[PDB]
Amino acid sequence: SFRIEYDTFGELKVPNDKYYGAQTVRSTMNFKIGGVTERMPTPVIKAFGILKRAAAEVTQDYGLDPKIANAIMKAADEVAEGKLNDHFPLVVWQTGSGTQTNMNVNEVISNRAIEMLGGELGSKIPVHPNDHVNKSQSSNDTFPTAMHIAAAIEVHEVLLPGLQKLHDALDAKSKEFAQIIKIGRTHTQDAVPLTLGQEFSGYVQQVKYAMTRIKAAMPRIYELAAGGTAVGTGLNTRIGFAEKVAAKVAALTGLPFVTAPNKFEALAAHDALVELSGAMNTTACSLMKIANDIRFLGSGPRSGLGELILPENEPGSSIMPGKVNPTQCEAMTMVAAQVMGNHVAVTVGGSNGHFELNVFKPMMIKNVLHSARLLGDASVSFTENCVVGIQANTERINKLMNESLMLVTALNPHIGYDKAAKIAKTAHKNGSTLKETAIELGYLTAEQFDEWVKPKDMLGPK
């Protein structure tokens, strides 16, 4: 079943079980680009719910009937709470201001509010999509507001909590591995030792700094454009509206949202999203290093490095013992690469503003939310299904410590540099160890080697 609505181009059938109206149906026909995977991110829709709630509450002061305003606030809450996601079928690839989604939100909130008040759907009575739900608003300043509400909420609920879990798990392994001495690798060549915990402490620092970098990129995300209306002047709205809407959004979300000090910078550009994307771009570089390292450190069982034993996430064959594919490392490094491409997409859009309005908004916030969700989700997955279950192959690590040529410099003050190079060059030529060689040349006894060559003493300055 369907109802009949009209726009300036013709009549449109609107499904009776849908709260959107003719303007949304027209948008689904004029913007058939990409399919359902391209739908406007739900976080933006929910952020509009919060936003329309705050606006309706403020415009009450300016005459808006409380019976209507309260119905708008109730319907807005349902959008914010994810109760009406099925009534937003529009894709990212619409107008660059996000007008169609703003209209989508206005139509859904009015028809739902109309229903709450016993009215007829599609009639704009008593709740009018533009005169009431969009009162004192514009697509140009509401969509940017929704972008920053959505990004802030995603950062604080998904991105940062995910990185925190990865940080804590990496820190636990650093402490767990504090006593395991292994051979370092510089240029991928054997190098002087360090503890597996020291190496992991570097990953911990990178994730710690990743969270600091994301937080340092949030202050200007908290600035809201609501109040600039069409070009940033605030024409057709009341003094104090901008500040009151921001304070209301801050109270509803619990986050320190504020009104943008300059609404022209807030409409004509989205450099804060470029900034936030850049912090996630750095995070991706950090997580690419961490994941690839763990990937190669777990390589083996015999023709790789074999320092780490990663948990199984795929069925391991009985005839292939010890073989574990680093599946989560692969998901994480693919996510990292994706974030890097998304950042360039954000950068191109952020650079192409025209005069009073940047009209790349939907694609910029899509890429920002995409990266934040992937990094957060991937961090959790990488933590629970890999990091927490990493074990050290101490037997193989200690074996390659005894077989390494790197510890020969510990003999320098006892038998001389030249005699040390002879042990090194000889063991290298013969393929044996340093101790077996040093003994068979008569340079020292086995008990002298054990006393002179101590890797535990090669882990810091003196």
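Position 1 is the first residue in the sequence shown; the rest follow in order.
Averaged over Cα atoms, the B-factor as recorded in the entry is higher for 399 to 407 than for the other of 399 to 407 and 51 to 59. Averaged over Cα atoms, the B-factor as recorded in the entry is higher for 83 to 91 than for the other of 83 to 91 and 369 to 377. Highest CA B-factor among the listed residues (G162, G389, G322, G98): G322. Reading the B-factor column for the CA atoms of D293, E314, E157, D271 in the entry, the top value corresponds to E314. Residue-level temperature factors show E307 in the lowest third of its chain, judged at the C-alpha atom. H187 sits in the lowest third of its chain by CA B factor, as recorded in the PDB entry. In this PDB entry, the Cα temperature factor of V44 sits in the bottom third of its chain's modelled residues, the lowest group. In the PDB entry, a CA B factor belonging to the middle third of its chain's modelled residues is recorded for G197. Among the modelled residues of its chain, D141 has a C-alpha B-factor that falls in the lowest third, as given in the PDB entry.
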